[PDB]
Each structure stands twice: as C-alpha cells, then as structure tokens.
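Per chain, numbering begins at 1; letters A, B, ... match sequence-line order. Values below: every heavy atom of this structure, side chains too, minus hydrogens, waters and symmetry copies.
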Amino acid sequence: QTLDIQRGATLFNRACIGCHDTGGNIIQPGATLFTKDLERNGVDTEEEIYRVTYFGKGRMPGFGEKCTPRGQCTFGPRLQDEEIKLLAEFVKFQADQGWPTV
Amino acid sequence: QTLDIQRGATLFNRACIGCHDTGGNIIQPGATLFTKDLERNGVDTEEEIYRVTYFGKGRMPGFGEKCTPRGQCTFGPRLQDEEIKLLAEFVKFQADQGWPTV
Amino acid sequence: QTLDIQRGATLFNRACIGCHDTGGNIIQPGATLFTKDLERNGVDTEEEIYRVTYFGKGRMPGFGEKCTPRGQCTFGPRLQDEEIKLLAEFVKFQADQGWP
Amino acid sequence: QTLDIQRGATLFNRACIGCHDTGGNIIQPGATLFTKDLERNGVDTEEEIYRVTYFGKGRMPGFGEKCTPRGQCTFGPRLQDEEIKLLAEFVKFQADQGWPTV
Ligand code: HEM
Ligand code: HEM
Ligand code: HEM
Ligand code: HEM
Ligand SMILES: [Zn+2]
Ligand SMILES: [Zn+2]
C-alpha cells in the first residue's frame with residue numbers, strides 16, 4: 001500500500017469508523033461507502049466525497065474548518081484540508097477495491 | 001481510480017516513458033518497475049522510489065531540483081518535489097497492482 | 001517570497017500574462033484580477049478562482065485536464081491540478097496586494 | 001489571505017505559538033521568526049526553515065516523523081511532511097511581510 005492510503009486508513013479509524021465501519025452506514029440504509037450506494041446518492045466523484053466530508057450531508061457531520069453551523073459539524077476537532085483530501089482519496093480507493101480490510 | 005493516480009499517470013507519461021513504458025525497463029534487465037524487481041533491487045518503498053527518481057541511479061538520470069552532479073541528472077526540465085512525490089506514489093501503486101492501464 | 005509564490009509567478013508569466021498583464025484584462029472590461037472586479041463577478045474566493053482557471057468562463061479559456069469542450073479550453077498543453085492550485089493562490093495573493 | 005496561509009496559521013497555533021507567539025521566541029534572545037534574526041542565524045530560506053522545524057536546532061525540538069536522534073526531537077505528537085511544508089511557508093511568508101496580523 002502507499003503512504004497516502006496508510007495515512008487515509010489511520011484518519012478513517014480515528015474519525016469515521018463510528019458510523020462507517022467496514023464501509024457500511026449504521027444510520028442510513030443505502031448510503032454506505034460502497035460504489036453502488038455512492039453512485040445512487042450522487043457522491044461517486046472524489047471531489048464530492050471531499051465536499052460531503054468537509055461540509056456534511058444530512059445527518060452526517062462535516063469535519064472541515066469552515067463547516068457551519070456548528071450543529072451540522074463534528075463535535076470533535078476539525079480536520080485539516082489535507083486530512084480531508086486523504087480521507088476522500090481513501091474512500092474512493094476503498095470503494096474502487098470493494099472495501100478490503102483497513 | 002483516484003485523482004492522485006490520474007495525476008501521477010500524466011507525469012509518468014511525460015517524464016518516464018522513455019525507459020519505463022508499461023512498467024518495464026528498456027535500458028537493462030532485472031530493473032523494471034514490477035514488484036519482483038523493485039524488491040530485488042531494494043527500491044520497494046516510496047521513500048526509496050522518491051530517492052531514485054530525485055537523485056538518479058546508475059544509468060537512470062535524476063529529476064530532482066538539487067540533483068547533482070549535472071552529469072547524473074536530466075538535461076530536460078527538472079521536476080518539482082510534489083511531482084516526484086506523485087510519481088513515487090504512482091510507481092508504488094502500479095507495482096502493487098501489477099501495472100494495469102490507467 | 002515563498003516557493004509557492006515564485007512558482008505561481010513562473011506559471012502566470014507563461015500562461016496568463018498575455019491577457020492579464022499586471023492583473024488587468026485585455027479582453028473584458030470590469031473583469032480584471034483586482035479585488036473589486038473579482039467580487040463583482042462572483043470569483044471572490046480562491047476556490048472560485050481555481051474553478052474559473054480550470055474550467056474557463058466565456059472568453060476565459062480553461063486550463064484543467066478535464067476542461068470541456070475543446071473550444072472552451074486553452075489551445076496549449078493542459079496544466080496540472082497543482083499548477084492551477086498555485087495559480088489560484090498567486091492570483092488571490094496578488095489581488096490582496098493590489099498587483100504591485 | 002490565501003488558503004495556504006490560513007492552513008499554516010492553524011498548524012502554527014497548535015504546535016509553535018507556545019514558544020513563538022507573535023513571531024517571537026520566549027526561550028532565548030536573538031532567535032525570533034523575524035527576517036533580521038532568521039538572516040543572522042542562517043535560517044532565512046524556506047528549505048532551512050523546513051529543516052529546523054523537522055530536525056530541530058539547539059534548544060528547539062524537531063517535529064518531523066523521522067527526526068533523529070530521539071533527544072533532539074519532540075516527545076509529543078509529530079507532524080506530517082505536508083504540515084511542516086505549510087509551516088515553513090507560513091514562517092517564510094510572515095517573516096517576509098513583517099508579521100502582519102492573521
Ligand atoms: C470520516 C471523516 C467520514 C467520512 C470520510 C465519511 C464519508 C461519507 C460519504 C462519502 C458519504 C456518502 C455515502 C453515500 O453512499 O452516499 C457519507 C454519508 C453519511 N455519513 Fe459519513 N463519513 C464520515 C464520518 C461519519 C460519521 C462519524 C457519521 C456518524 C455520526 C457519519 C454518518 C453518515 C450518514 C448518516 C451519511 C448519509 C448521508 C445521507 O445521504 O443522508 N459519517 N459519509
Ligand atoms: C520518471 C521520472 C522515472 C521514474 C519514476 C523512474 C523510476 C525508477 C524506479 C522506481 C527504479 C527502480 C527499479 C528497480 O527495479 O530497481 C528505476 C530504475 C531504473 N531506471 Fe528509472 N525512472 C524514471 C525515468 C527513467 C528514464 C527516463 C530512464 C532511461 C534513461 C530510466 C532508466 C532506469 C534504469 C537504467 C534503472 C536501473 C538503475 C539501477 O538499479 O542501476 N529511468 N527507475
Ligand atoms: C492563467 C492560467 C490565467 C489565470 C490564472 C486566469 C484567471 C482569471 C480569473 C480569476 C478571472 C476572473 C476575473 C474576474 O474579475 O471575474 C479571469 C477572467 C477572464 N480571463 Fe483569465 N486567466 C488566465 C488566462 C487567461 C488568458 C490566457 C486569457 C486570454 C486569452 C484570459 C482571458 C480572460 C477573460 C476574457 C476573462 C473574463 C471572463 C468573464 O467574466 O466573462 N485569461 N481569468
Ligand atoms: C512549530 C512547529 C515551530 C516552528 C515552525 C518553529 C520554527 C523555528 C524557526 C524557523 C527557528 C529559527 C529562528 C531564527 O531566528 O533563527 C526556530 C528557532 C527556535 N525555536 Fe522554534 N519552531 C517551532 C516550535 C518551537 C517550540 C514549541 C519551541 C519552544 C519549546 C521552540 C523554540 C525554539 C528555540 C529555542 C529556537 C532557537 C534555535 C537556535 O537557533 O539555537 N520552537 N524555530
Ligand atoms: Zn495520494
Ligand atoms: Zn502555498
């Protein structure tokens with residue numbers, strides 16, 4: 001694996017596995033991180049995955065510095081842009097590969 | 001495919017295709033960009049792939065800004081650090097995947 | 001100056017100076033790279049500057065690899081994502097500075 | 001303000017502000033982040049700022065993931081290469097500009 005994927009996995013385990021363990025979605029059926037769901041929901045481009053991660057979507061909190069208002073955003077520390085870039089890259093790679101173990 | 005692999009492919013097709021088209025090595029045997037040869041030669045980490053690309057190695061010219069001496073380095077445009085970073089990522093990932101078309 | 005500014009300037013002097021010398025606009029009045037024009041045209045943020053540079057806007061050619069269609073895009077080589085990032089950074093910096 | 005300076009400010013306010021608030025230096029005289037001191041100490045290029053941040057210097061710990069030896073490096077969380085790049089950019093810019101606000 002590459003350094004970017006390794007870092008992506010580390011960030012994912014820190015920030016995302018509460019709701020998306022093994023690529024799933026414990027809150028919203030049909031909105032997993034697998035390719036078919038990403039496509040159905042219009043979040044299949046890496047750019048859109050970044051946007052969803054930064055700003056949030058529906059009941060998902062955004063993680064970006066400038067996510068707003070605070071109720072739409074993570075209770076925890078905001079992630080840096082580069083971290084969100086790596087997370088979007090990780091989700092795109094994982095979806096392309098059918099979610100190999102992280 | 002991720003954006004990073006697309007970006008790396010663009011760079012690879014410009015800078016590396018002279019000797020390493022399709023992951024091979026036209027100059028000498030046993031030094032392709034396939035896993036077995038990277039492992040054989042001890043150039044199997046992104047850090048080392050970066051180093052070889054930056055500074056050169058034997059009959060391979062270096063592409064880094066501070067590649068020296070001149071004789072060991074490309075006489076074309078030198079690549080930026082981020083470009084070589086992308087190239088190291090590209091080679092590592094492509095080696096892992098057995099060099100599929102991008 | 002920083003490495004990013006230096007690289008941004010190098011890229012600008014190759015790809016942009018023809019139409020935007022000293023932050024101006026040789027084709028379109030009211031659409032210079034100065035702060036007030038950028039704001040008036042809704043190209044206020046660095047993210048929007050990147051979008052415009054990548055995809056183009058009318059007689060402004062797009063420089064990104066996926067700019068489309070061809071007639072909307074530079075006739076020269078497409079610029080890399082990182083290059084367009086540096087260009088948006090350069091233009092934002094220069095606009096903030098008032099193009100000295 | 002550019003995105004990069006904002007990203008650098010965020011990192012600075014987490015890792016550096018405790019000793020270098022306002023571009024100063026609380027530990028010892030004559031080693032602030034102002035141009036005059038950077039030039040005097042030979043830490044005036046962006047590359048040298050990066051190196052000092054990564055590896056440390058005198059009483060300053062290094063923050064790089066691969067900083068050595070152990071005693072010259074932070075015992076707290078280490079920074080990623082991209083974070084140190086943004087920090088070096090931030091310091092170089094702020095020094096060039098005479099440490100204006102934000
Ligand atoms: C961790 C930083 C994190 C990432 C990365 C992430 C990504 C992500 C994507 C790409 C989607 C779109 C899925 C689709 O099929 O359309 C998505 C959607 C939802 N998420 Fe998420 N998500 C991360 C973090 C979290 C956390 C910690 C939670 C739980 C609190 C969470 C929840 C959700 C929910 C709900 C959705 C569905 C949104 C909708 O379309 O209604 N996410 N996430
Ligand atoms: C393009 C910038 C480029 C990259 C990237 C690249 C990578 C690379 C690697 C990772 C190796 C190690 C391979 C191994 O099995 O050990 C490697 C090695 C050699 N290369 Fe290369 N290389 C790039 C560019 C070029 C070009 C343009 C040439 C031809 C002039 C070239 C040639 C070689 C040679 C020879 C080696 C073997 C070096 C040695 O072990 O002595 N490379 N390259
Ligand atoms: C070089 C890569 C380049 C950059 C960078 C760039 C930027 C840019 C911006 C940010 C705008 C918006 C300005 C505003 O006030 O709204 C803008 C607009 C126009 N440009 Fe441009 N541009 C670059 C390259 C070029 C080149 C080479 C030309 C000339 C062929 C050109 C022209 C124009 C035109 C016309 C506009 C106005 C678009 C509109 O609002 O109708 N640009 N550019
Ligand atoms: C935050 C990660 C951080 C940065 C960035 C940073 C930079 C930095 C530079 C560029 C210098 C050179 C200054 C000069 O005038 O030559 C420098 C020097 C020192 N610093 Fe630093 N530094 C960061 C973090 C910290 C922290 C958290 C402390 C306090 C524990 C600290 C202290 C020092 C000291 C002491 C020096 C002087 C080194 C020397 O020349 O002997 N730094 N720093
Ligand atoms: Zn990557
Ligand atoms: Zn920058």
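- Heavy atoms from other residues, nucleotides or ligands lying under 6.0 Å from CZ of C/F75 number 12 at most.
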What are the sub-3.5 Å donor-acceptor pairs between chain D and chain C, distances to 0.1 Å?
from	atom 1	to	atom 2	distance (Å)
D/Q1	N	C/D96	OD2	2.7
D/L3	N	C/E46	OE1	2.9
D/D4	OD2	C/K85	NZ	2.9
D/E46	OE1	C/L3	N	2.8
D/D96	OD2	C/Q1	N	2.9

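- D/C73 meets the disulfide bond (SG atoms under 2.5 Å apart) test with D/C67; sequence neighbours excluded.
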Quiz prompt | Worked verdict on C/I5 versus D/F93 for side-chain contact (heavy atoms from CB on, under 4.5 Å) | solution = CA-CA 9 Å; C/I5 290 163; D/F93 185 68; 4.1 Å; yes
